[PDB]
Amino acid sequence: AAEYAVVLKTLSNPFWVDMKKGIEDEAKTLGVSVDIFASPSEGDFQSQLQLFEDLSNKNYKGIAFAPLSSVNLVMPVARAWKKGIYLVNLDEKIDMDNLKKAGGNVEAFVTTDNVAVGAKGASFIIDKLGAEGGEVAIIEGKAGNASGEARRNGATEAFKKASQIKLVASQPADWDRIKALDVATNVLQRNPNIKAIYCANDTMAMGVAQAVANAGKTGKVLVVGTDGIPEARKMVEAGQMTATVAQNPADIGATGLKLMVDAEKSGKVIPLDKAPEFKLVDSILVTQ
Ligand SMILES: OC[C@H]1O[C@@H](O)[C@H](O)[C@H](O)[C@@H]1O
Ligand SMILES: [Zn+2]
């Protein structure tokens, strides 16, 4: 096997496509051989565990990964840490209590500050709704995923500080476009006076926009996404989405690879009771 392996969520989402490119570019800068893989879809928890196990069973020196769920890679990651594989968690926080209970750790975790992402999206909505405020909803990612949970907490905490805002719904749409359209339809049905919906990612935000359109409410219901994927940036320019909190997956990926290579130079994996190296990549609100 090459020196390093990378496990991304799914290349069917531009966020992960850009993270692969960032890693590829960084690999050339560092001089390292990297094999980059991804599961076929967001719901492939089991096959991602198998993918991780297959790479962990090869002799890569390090494996950088973004788990599809907080817990689906706890067991294989613990196993890999025990084998002395230098592990870096990209983007989506593996459940660290669960991992410590399974006897492993990760050298580092590189991600966006996801609480700030949800606070930016909510703060923008609050601003746009102005003095009168109104009812708002959050369309979360997969419940329990650290990335979505942080965005949810950041947005919820911001909305709770603004009394003119009424959070009427907070539901998971599992990073899925179809599911988000369905969840937004139901939310719009139950609370037809809703004025804005923060979505924990662009894949979901796009489907939420279609629900809003079906309801004859485009522009009357703000829709804010997260990631800054190409189609969502286009929708934001065209008024189909109000805004998106853009991330820089290329730098998450490059920075994670660099942390992994750096860790390998130490010659031992991180101790179980040492906090992983932590690095945050900025986000930025993208509006019309
Ligand atoms: O794969 C779904 C999503 O996972 C999150 O952890 C990433 O930060 C991006 O929001 C991505 O779109
Ligand atoms: Zn080899």
# chains A, B, ... in the order shown; residues from 1 in each chain; ligands from 1
call {"tool": "select_by_dssp", "arguments": {"residues": "segment 7-221 of chain A", "states": "helix (DSSP H, G or I)", "output": "PyMOL selection string"}}
result
chain A and resi 14-30+45-57+74-82+96-101+114-129+146-161+177-190+202-214
call {"tool": "residues_near_ligand", "arguments": {"ligand": "ligand 1", "cutoff": "10 Å", "atoms": "only C-alpha atoms and all ligand atoms", "output": "PyMOL selection string"}}
result
chain A and resi 8-16+41-42+66-70+90-93+111-114+117+141-142+145-149+151+174-176+199-204+225-229+245-249+252
call {"tool": "residues_around", "arguments": {"residues": "segment 183-190 of chain A", "least_positions_apart": "2", "cutoff": "10 Å", "atoms": "only C-alpha atoms", "output": "PyMOL selection string"}}
result
chain A and resi 136-140+168-173+177-181+192-195+197+199+204-205+207-212+214-215+217+221
call {"tool": "closest_residue", "arguments": {"among": "A:191, A:223, A:28, A:77", "to": "residue 55 of chain A", "atoms": "only C-alpha atoms"}}
result
A:77
call {"tool": "residues_near_ligand", "arguments": {"ligand": "ligand 2", "cutoff": "9 Å", "atoms": "only C-alpha atoms and all ligand atoms", "output": "list in words"}}
result
residues 1, 2, 3, 58, 59 and 60 of chain A
call {"tool": "closest_residue", "arguments": {"among": "A:166, A:274, A:20, A:100", "to": "residue 64 of chain A", "atoms": "only C-alpha atoms"}}
result
A:20
call {"tool": "atom_distance", "arguments": {"atom1": "atom CA of residue 71 of chain A", "atom2": "atom CA of residue 49 of chain A"}}
result
10.1 Å
call {"tool": "residues_around", "arguments": {"residues": "residue 22 of chain A", "least_positions_apart": "5", "cutoff": "7 Å", "atoms": "only C-alpha atoms", "output": "ChimeraX atom specification"}}
result
/A:250-251,253-254
call {"tool": "atom_distance", "arguments": {"atom1": "atom CA of residue 131 of chain A", "atom2": "atom CA of residue 164 of chain A"}}
result
7.3 Å
call {"tool": "atom_distance", "arguments": {"atom1": "atom CA of residue 239 of chain A", "atom2": "atom CA of residue 218 of chain A"}}
result
8.1 Å
call {"tool": "select_by_dssp", "arguments": {"residues": "segment 143-237 of chain A", "states": "strand (DSSP E or B)", "output": "list in words"}}
result
residues 165, 166, 167, 168, 169, 170, 171, 172, 196, 197, 198, 199, 218, 221, 222, 223, 224, 225, 226 and 227 of chain A
